[PDB]
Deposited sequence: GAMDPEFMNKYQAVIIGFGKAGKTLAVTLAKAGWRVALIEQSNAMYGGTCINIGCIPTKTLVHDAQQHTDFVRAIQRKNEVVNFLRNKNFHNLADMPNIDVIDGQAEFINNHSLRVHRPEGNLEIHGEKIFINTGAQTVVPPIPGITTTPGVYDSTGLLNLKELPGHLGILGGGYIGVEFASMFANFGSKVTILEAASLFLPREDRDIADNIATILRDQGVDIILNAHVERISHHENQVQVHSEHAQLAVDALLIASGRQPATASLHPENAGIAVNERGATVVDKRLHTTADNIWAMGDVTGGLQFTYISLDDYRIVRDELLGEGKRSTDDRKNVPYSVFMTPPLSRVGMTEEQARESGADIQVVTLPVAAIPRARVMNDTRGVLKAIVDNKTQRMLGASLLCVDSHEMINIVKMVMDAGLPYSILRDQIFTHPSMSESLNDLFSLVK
């Protein structure tokens, strides 16, 4: 049999695939408000359901009301897919590791093979008054706000923080981003980060860099962010401090599973841990915190268990990602700073959004297009697409890079019209 700890993209997908091949499965989930995983209940689906409602400038609580019915439908849906296959017991409890072989859930469960899918949890910065102060929420709590705050304060200049910054700005709120680094989006090209910042500055969002946050109070109906004799008064404070793996009260030392400093389970290329028949897929690995990467973790584990598995984590070339601001930033491959830091000489090519007629059709001609081409192989090394529907058209750049095809096939491709993917014709035609 098999036991998977945690309703997650890899966990629920492995549980259904195992059940259809004849395995007795037992998936353990601690919350009935988390059927479907972090993505379905408090992650992508609720965040981008509201992001889509913000770019239309609809009422904020009417959109929260609608986010509540899209997550409620999907929460019932994902529990329906799991319990209506006979093999899968759904144990509504929080699991604890007794040894390699058996698990204790708050009932003790024995398993021939265990698969860890507990995901990650929000980390709090050790700032005095961060928990003692009302009006202070993380991403989950902020998604359940009862009224639109007039002034929103965000601790963190991360991708999750920029999403909510542009999301609430479109709703009608003043947003202040408090970032500690010297650069906005330090993991990005500076021409791209300059554009994102300018788009946010035009919607009222102040980007405060080198932000020193000493304490956080509550005084006169508002939250106060102390900063060495300078207080910023906001009506609600979101904290985008990133998430770290959730291997605390699993007590994974009992099973002999080595953990690194951040709490992530040390895992193999094919997702084997230190213990003999234990696996860990998803954010708990410590890798990229994406829903698609966790699904591929199921692909790696499934090939081992049900085929004969060549599948490895050394297969994932060009993992793309998107920051669902408005317009969304999609990125795959290296940046200009990375391509220049290595030996191969490159040519950078830029297409402004003003030259994309489809962006004019959709009433948002903001952002720019950018890509890097290797003059030695005519291949593509990276792309930064800051435009409407960039999350959809970046999949085309990633797929051609996977097959190692040159940039010319995108330069000469017959696309659909009018589309955003057809601007790739205009993009890679500026290459020489």
The record leaves without C-alpha coordinates the deposited-sequence stretches 1-11, 118-122
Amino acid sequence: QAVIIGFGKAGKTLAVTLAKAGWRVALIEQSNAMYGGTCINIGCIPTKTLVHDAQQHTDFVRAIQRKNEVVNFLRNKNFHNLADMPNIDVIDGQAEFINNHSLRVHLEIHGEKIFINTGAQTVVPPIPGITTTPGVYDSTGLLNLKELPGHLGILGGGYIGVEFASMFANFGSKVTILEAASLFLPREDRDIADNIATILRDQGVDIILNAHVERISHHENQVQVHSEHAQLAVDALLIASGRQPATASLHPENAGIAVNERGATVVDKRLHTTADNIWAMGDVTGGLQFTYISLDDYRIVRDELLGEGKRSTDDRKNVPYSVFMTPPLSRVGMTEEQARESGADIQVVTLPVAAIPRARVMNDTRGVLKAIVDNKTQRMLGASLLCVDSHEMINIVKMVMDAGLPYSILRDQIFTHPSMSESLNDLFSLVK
From here on, numbers count along this sequence of modelled residues.
So, looking at the entry's B-factor column for Cα atoms, which has the higher mean, 199-207 or 279-287?
279-287
Once you work out the mean C-alpha B-factor for both 33-41 and 388-396 from the entry, which is higher?
33-41
Among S342, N78, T326, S330, highest Cα B-factor in the entry goes to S342
I'd like to know which of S182, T247, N117, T176 has the highest C-alpha temperature factor in the PDB entry.
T247
Give the position of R24 by CA B-factor within its chain, expressed as the lowest, middle or highest third.
highest
Sorting the chain's modelled residues by C-alpha B-factor, tell me whether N375 ends up in the lowest, middle or highest third.
highest
Among modelled residues of the same chain, the CA temperature factor third for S102
highest
Relative to the other modelled residues in the chain, which third contains the C-alpha temperature factor of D191: lowest, middle or highest?
lowest
Lowest, middle or highest third - CA B-factor, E147
highest
